[PDB]
Amino acid sequence: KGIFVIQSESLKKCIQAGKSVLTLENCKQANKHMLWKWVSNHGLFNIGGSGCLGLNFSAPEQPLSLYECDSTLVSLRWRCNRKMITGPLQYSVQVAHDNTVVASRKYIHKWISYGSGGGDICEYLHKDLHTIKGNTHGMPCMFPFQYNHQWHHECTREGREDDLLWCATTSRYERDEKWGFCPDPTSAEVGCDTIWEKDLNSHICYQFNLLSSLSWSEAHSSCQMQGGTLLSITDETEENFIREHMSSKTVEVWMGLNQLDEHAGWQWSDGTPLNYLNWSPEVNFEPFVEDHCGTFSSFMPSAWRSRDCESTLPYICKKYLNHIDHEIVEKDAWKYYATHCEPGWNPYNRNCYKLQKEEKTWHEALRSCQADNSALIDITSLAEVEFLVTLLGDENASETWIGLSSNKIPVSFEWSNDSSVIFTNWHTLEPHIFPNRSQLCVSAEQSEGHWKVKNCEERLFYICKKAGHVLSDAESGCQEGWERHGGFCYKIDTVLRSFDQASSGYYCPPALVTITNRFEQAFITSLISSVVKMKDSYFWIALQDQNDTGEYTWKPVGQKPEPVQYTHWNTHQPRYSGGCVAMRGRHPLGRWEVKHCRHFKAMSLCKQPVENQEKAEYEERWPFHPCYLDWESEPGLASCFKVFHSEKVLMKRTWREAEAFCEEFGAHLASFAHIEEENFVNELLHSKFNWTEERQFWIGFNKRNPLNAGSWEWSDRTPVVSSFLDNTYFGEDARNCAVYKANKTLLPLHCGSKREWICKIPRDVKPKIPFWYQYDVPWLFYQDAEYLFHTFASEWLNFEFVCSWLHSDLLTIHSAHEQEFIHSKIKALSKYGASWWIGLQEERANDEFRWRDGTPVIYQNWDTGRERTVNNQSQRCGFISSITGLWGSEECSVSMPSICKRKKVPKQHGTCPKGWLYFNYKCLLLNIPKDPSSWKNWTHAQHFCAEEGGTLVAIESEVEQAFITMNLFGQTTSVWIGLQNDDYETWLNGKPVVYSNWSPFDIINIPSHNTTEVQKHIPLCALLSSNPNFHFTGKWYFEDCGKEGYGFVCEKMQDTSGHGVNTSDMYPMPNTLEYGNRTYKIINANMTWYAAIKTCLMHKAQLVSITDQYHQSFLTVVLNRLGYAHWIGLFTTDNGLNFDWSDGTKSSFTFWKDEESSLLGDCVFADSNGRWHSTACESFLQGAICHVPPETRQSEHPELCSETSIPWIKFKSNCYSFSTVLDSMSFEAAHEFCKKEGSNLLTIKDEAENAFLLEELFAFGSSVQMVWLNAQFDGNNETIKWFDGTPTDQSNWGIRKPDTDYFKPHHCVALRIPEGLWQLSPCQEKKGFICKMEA
Ligand SMILES: *[C@@H]1O[C@H](CO)[C@@H](O[C@@H]2O[C@H](CO)[C@@H](O[C@@H]3O[C@H](CO)[C@@H](O)[C@H](O[C@H]4O[C@H](CO)[C@@H](O)[C@H](O)[C@@H]4O)[C@@H]3O)[C@H](O)[C@H]2NC(C)=O)[C@H](O)[C@H]1NC(C)=O
Ligand SMILES: *[C@@H]1O[C@H](CO[C@@H]2O[C@H](CO)[C@@H](O)[C@H](O[C@@H]3O[C@H](CO[C@H]4O[C@H](CO)[C@@H](O)[C@H](O)[C@@H]4O)[C@@H](O)[C@H](O)[C@@H]3O)[C@H]2NC(C)=O)[C@@H](O)[C@H](O)[C@H]1NC(C)=O
Ligand SMILES: *[C@@H]1O[C@H](CO)[C@@H](O[C@@H]2O[C@H](CO)[C@@H](O[C@@H]3O[C@H](CO)[C@@H](O)[C@H](O)[C@@H]3O)[C@H](O)[C@H]2NC(C)=O)[C@H](O)[C@H]1NC(C)=O
Ligand SMILES: *[C@@H]1O[C@H](CO)[C@@H](O[C@@H]2O[C@H](CO)[C@@H](O[C@@H]3O[C@H](CO)[C@@H](O)[C@H](O)[C@@H]3O)[C@H](O)[C@H]2NC(C)=O)[C@H](O)[C@H]1NC(C)=O
Ligand SMILES: *[C@@H]1O[C@H](CO)[C@@H](O)[C@H](O)[C@H]1NC(C)=O
Ligand SMILES: *[C@@H]1O[C@H](CO)[C@@H](O)[C@H](O)[C@H]1NC(C)=O
Ligand SMILES: *[C@@H]1O[C@H](CO)[C@@H](O)[C@H](O)[C@H]1NC(C)=O
Ligand SMILES: *[C@@H]1O[C@H](CO)[C@@H](O)[C@H](O)[C@H]1NC(C)=O
Ligand SMILES: *[C@@H]1O[C@H](CO)[C@@H](O)[C@H](O)[C@H]1NC(C)=O
Ligand SMILES: *[C@@H]1O[C@H](CO)[C@@H](O)[C@H](O)[C@H]1NC(C)=O
Ligand SMILES: *[C@@H]1O[C@H](CO)[C@@H](O)[C@H](O)[C@H]1NC(C)=O
Ligand SMILES: *[C@@H]1O[C@H](CO)[C@@H](O)[C@H](O)[C@H]1NC(C)=O
Ligand SMILES: *[C@@H]1O[C@H](CO)[C@@H](O)[C@H](O)[C@H]1NC(C)=O
């Protein structure tokens, strides 16, 4: 129970709010009245007050009061620096002269907790519980939430007949029904789905969290919170069990398998070893890419795949029920037993070992070990790995064969002895299965004991293990020490308590402990776990920062310059400089923490030294010249740095992209092992740049690995010395990477951002690119772009990056003429005459026609010899033949050569003829005929424009496109445009196509023809889509120039022979505007986002909500007229994940300026060109856009919408079920299922419901492709009708659809969910279905 009472540090009073504004009162029994808690949004929810502390930024001077956290009127966010309560814009709660808080920037003030006296108020900072299932796709609980006329701050019971705890995903349960069950480990009886009692005694339970699209990090978290763990596929038997026992056969789920540690190989998130593997080539293998997490599907093949962990997918949790003592798998694995052996052999704990240094094949080495009563080594515990690395400490001992190998095509790894596997230490990339060899054998490397597979025929050294028996009960190492380990002994005690302070000597004569390796850390963890006398204790460690510097370091024994090479910090633990390190005893055993040396209590640790004196440590000649002259560093520093201020010319880079760039030079994203390094890099930055903070640079500091304790780490393996924690502003889990700034400071960030960076390299530069082909760039002679022919063999999943580093990401073709030039050059006689890569990319088995450049593939030059080039999506990368130049697709890793390119070698207002619309120094006609007889084909409409004095529109810019779209609202007739398939890049008027709005699909998909075969004989003509679906609305495609059925837009510059009548539209600023079927108010005052919300509410309107591209287009013209930004009603309670509209309308429409712009803040505004931007809500902008809403009223029992049995989502007056979406099933079967359920198969009756569904189903992503629509296709008619007889008005097809495709047994129509189009399909296919009913 995290509730607390908050007291002023400087004044013995606390916040017992009371009515209206809160007040400072004595902590009398009113502590039993007013208490405080942290909730979903950072705000503080005052229990009893049933409120939520807010700050009115329009007038901060007013005393603070309690609001409803659903309120958008006031800023409710709060932040916690050291014992502060800090609001946005530097404000903070702070008592005025009077005893009432006036949160102000005036002066600092500090707060602490009553009761326990917690020195930090934020000891109970909120953590988000992800709901498992029941009405929502696994969102976090939103606290507090309004149940029946009352607020709740914790998961509750009342709502569900069943007694499991539940919560709401949205602030008000009554208004929105998105509830969900709450994680709980206690309710195992109903907490988990299926008990697989088949195991001997485990009674292992499984929870099949389908429907719960989550990132891997959140899935792992969720599974943990109930006491379970992400799925571990121990063996084929359990894999096949789950294969059948899961229900929705078409889903892909998270497992638990991962390679999140870039320095370690694939591993189960749980403690299970990775011995059984079912990798499938369905995913393409590359070592560098971000596919770090493992996905499993119950398809016919036994296949696992690699995905990006942030992707949202369902998952499965795994929990053993009998293992209460599971904290450590083995209890006595670390205790040393006095061992003896014969000459040549080295004794280790209770065993004999010997390394032969005789290169042998695996079979040869096994037979050699068998020559004696010995077998190749088997590793049972990390202690054996420690001994392995110690022995490989032999003079060369680079690698050794391990007594472990595979003997199956579906690989399962077993020892050379018929015994089970208990541990695995796979190297960074070496669980890699050589395609089909029957047996692959593992060798261990000397660096860390990392294992890697390879052909068993390889000749390598080998170590034979042998039995032994205890020599005696003596401990010759340190009889006085409590235990021995390796080359030291340990004498922990739970009596002496101060931080090593002793009258003489120390608590033990060798003083406090120092940790150099994870092996040592594990041993001491075992020690503490063995001697936990009283729970959650702490133990002192020699690491301290008493000479307050931030760079915590060991307390040095005599003249010892003891460095630090390993650390075990707790969650976001290395907070503040100064103090001493204490290691935790609570069940997260062994984690380190910082503590106060005069106030904290911890117990004594000891390290009896090596019985043989150690020699001198280092030579230290290396800083003579740490790196080549190319890189920068102090002479004397241990590493070198290089700052990358641009890409190609001035372009930035994502975090992982910059890291890969450092890697291809051999370096890492920079890291600070020392305050000296940090200061040196700051000084370098300020030597390079001005008195500016305009530049933010990437660094290695990151948090991308969540399976370990959530805490930051350097990508370079250097340990994190304390207090480099960028800021106390932690908890922003959405941000996972970090950036550096001048004045010695760091900022958390989202790794998806783009920035400049800096790489660090200790000793040796390894250029992989050498900046190839430094003068083969100039090719303007042929086109307007400069090309480059990369003759060096390279696969372009990576070479796209290097290609971008000077040019486009890859070459892309948009002209038969440029293709002729490319063929002429590529017709090279030498090895350069091989096939060549191009930017042509495939994203699915379908969707094989997108450039990685991002442009749609509008021009075709395929070779027709291989139209079946899919190879289960492996062949996804395009290439051109050297002999003909015809294209082809290939598996991307083949790494043939490639190419690159890059795109750089009187406006007076006037009169507008009648009927035309004057928009921007020009007039548009926008002829949309109402008569079929009046329709013109493109080659005719050109005549009309010419005779009228203009030409077909040339859409020069997004504002022109938006104007045309807004002047095309209700006319569902597409309209010609003035560009031709002959040249996608030049408008008919003769100027380049800089702007473009090509449709995502069907650009050349003429229904009456093949895509390509007859197209090459037919001219094609541009055409502006009038489709009412925002994915297509105002988009461009092509159609037969001779076709008819489409209007035309003529353009002609304004007639300047007279008044500049554009003033008639420029001058007026109508306070109210009408468009489509709604009315807008343009406010033009100085205000924040909250102020704009309040202003719209003080008006009768509400802050605008933009649900479609038509309204977005109108607002684009409006804002272009106004000339400056305005607020809009889009905001997010959570940082940059998913925004919501202030007025509560749901729509998937989004019009961001750029992908990263979504992340720059919490409240959204619109640019002068309409494009959206996120930003801090406290910013001040000179206007806003309100819209008048349609008024409606509600019933008394709409909460009837959902029962306790089924996940029913309420929308307006009807409920939809989405659980059935994944239940792939046939048409009539779905019909009958809904019928018997007491509902009807989905019916799209209005645009509001259409948009609501298109948004809601986006939560499942690619988990479903199509859904059945309850519409009958008439037999001898083209008509389509809902089961209720209502017309099919809402129907939509990207291009006008002929009925000629349905079979006599009528085809049945479904909804292509990712894009929203309709499509008739064979009626017996298996698809998802959605029931719907009234509330
Ligand atoms: C829209 O209205 C808001 C209303 O708040 C307005 O924001 C306010 O702007 C003023 C002016 O920038 C801020 O006042 C400043 O606050 C700082 C706080 O440290 C003071 O230091 C400033 O005084 C110093 O600087 C002055 C010259 O800049 C000197 O003359 C003076 O002697 C001091 O040296 C100054 O008072 C005010 O803080 C904000 N409001 C909030 C809540 O922060 C905003 O600017 C308006 N928008 C537009 C476009 O005008
Ligand atoms: C887009 O639509 C275009 C409109 O149709 C044309 O309209 C013109 C109006 O003046 C007509 O002149 C033109 O036909 C002319 O035909 C004469 C020869 O006359 C014979 O053929 C016509 C049909 O072409 C027939 O109606 C007569 O009775 C007679 O048998 C010819 O010498 C001229 O050059 C014109 O072609 C209409 N038809 C055509 C085909 O031009 C049309 O022009 C255009 O082709 C359409 N777009 C595409 C891609 O076909
Ligand atoms: C946050 O602070 C702002 C600014 O101090 C508050 O705005 C003010 O709210 C009052 C109402 O409490 C407004 O008074 C009303 O003005 C209208 C104007 O037409 C008048 O018709 C009413 O009879 C009444 O007098 C006041 O104008 C308004 N001032 C501004 C600059 O907007 C706001 O109420 C505060 N909100 C919260 C939740 O504390
Ligand atoms: C932190 O950043 C600043 C700016 O990027 C670094 O330079 C400092 O910049 C400020 C102006 O922003 C300078 O102040 C000016 O000083 C002159 C002195 O003649 C004065 O006439 C001006 O009116 C103004 O006050 C400041 O001097 C300057 N200091 C230095 C050392 O360059 C600053 O160095 C950065 N600090 C760190 C630790 O990186
Ligand atoms: C190990 O072998 C290398 C050559 O393979 C040799 O240079 C080196 O001196 C040997 N000893 C050690 C300790 O590396
Ligand atoms: C391991 O090898 C020994 C002989 O070295 C053998 O007796 C034993 O059975 C093997 N392990 C198992 C589980 O059988
Ligand atoms: C498959 O395994 C055999 C083992 O003899 C090996 O020669 C071959 O290179 C492997 N790969 C393929 C594609 O056959
Ligand atoms: C700081 O370091 C000096 C040695 O240079 C030492 O004598 C002194 O006690 C240290 N002070 C603290 C607070 O650690
Ligand atoms: C910094 O900018 C000022 C602008 O006045 C200029 O005088 C100075 O030379 C610049 N210095 C550097 C290092 O860019
Ligand atoms: C994969 O190949 C098989 C033939 O072995 C084919 O039946 C299947 O359709 C392919 N997969 C896809 C997604 O096309
Ligand atoms: C083109 O469409 C026709 C339709 O009859 C079909 O016969 C032919 O095989 C198709 N060719 C290609 C290359 O798609
Ligand atoms: C505008 O919306 C109202 C809503 O009741 C509807 O009755 C009216 O027909 C609509 N007008 C147009 C032109 O769509
Ligand atoms: C075709 O449509 C008409 C209504 O326009 C309807 O009466 C008739 O039954 C339909 N015929 C078939 C075969 O569906």
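The chain as shown is numbered from 1 upward.
Note: Cβ is positioned from N, Cα and C throughout, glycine not excepted.
Summarising the annotation, Swiss-Prot assigns domain 'C-type lectin 1' to 201-318. As annotated by Swiss-Prot, domain 'C-type lectin 2' applies to 348-465, with the evidence given as sequence analysis. Under the heading domain 'C-type lectin 5', Swiss-Prot lists 782-901. For 919-1050, the entry in Swiss-Prot reads domain 'C-type lectin 6'. Among the features that Swiss-Prot reports, domain 'C-type lectin 7' is placed at 1075-1186. Annotation comment: Swiss-Prot describes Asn56, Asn417, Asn1077 as N-linked glycosylation site, evidence class sequence analysis.
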Legend entry - glycosylation sites near ligand 7 among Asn56, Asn417, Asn1077 (Cβ under 6 Å): none
Legend entry - Cα separation of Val905 and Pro906 (whole Å), the pair that brackets 9 residues absent from the deposited model: 27
Inset, instruction - May I ask for the distance between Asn417 (N-linked glycosylation site) and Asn56 (N-linked glycosylation site), taken between their Cα atoms and rounded to an integer number of Å? - result: 72
Legend entry - Residue among the glycosylation sites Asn56, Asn417, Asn1077 whose Cβ has the most other Cβ atoms within 10 Å: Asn56
Inset, instruction - Please go through the glycosylation sites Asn56, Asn417, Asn1077 one by one and keep those whose C-beta falls under 6 A from any atom of ligand 3; give the result in sequence order. - result: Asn56
Inset, instruction - Whole-number Å only: compute the distance from the Cα of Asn1077 (N-linked glycosylation site) to the Cα of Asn56 (N-linked glycosylation site). - result: 35
Inset, instruction - Using DSSP, break the domain 'C-type lectin 2' (348-465) down into helix, strand and coil residues and give each count. - result: 21 helix, 38 strand, 59 coil
Legend entry - Conformational class of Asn56 (N-linked glycosylation site) under the three-state DSSP mapping: coil
Legend entry - Conformational class of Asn1077 (N-linked glycosylation site) under the three-state DSSP mapping: coil
Inset, instruction - With DSSP as the reference, give the number of residues of the domain 'C-type lectin 6' (919-1050) in helix, strand and coil. - result: 26 helix, 31 strand, 75 coil
Inset, instruction - Would you mind splitting the domain 'C-type lectin 1' (201-318) into helix, strand and coil residue counts from DSSP? - result: 20 helix, 39 strand, 59 coil
Inset, instruction - Kindly report the helix/strand/coil residue split of the domain 'C-type lectin 5' (782-901) according to DSSP, in that order. - result: 26 helix, 30 strand, 64 coil
Inset, instruction - Output: those glycosylation sites from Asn56, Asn417, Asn1077 whose CB lies less than 6 Å from an atom of ligand 12, in sequence order; none if no residue fits. - result: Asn1077
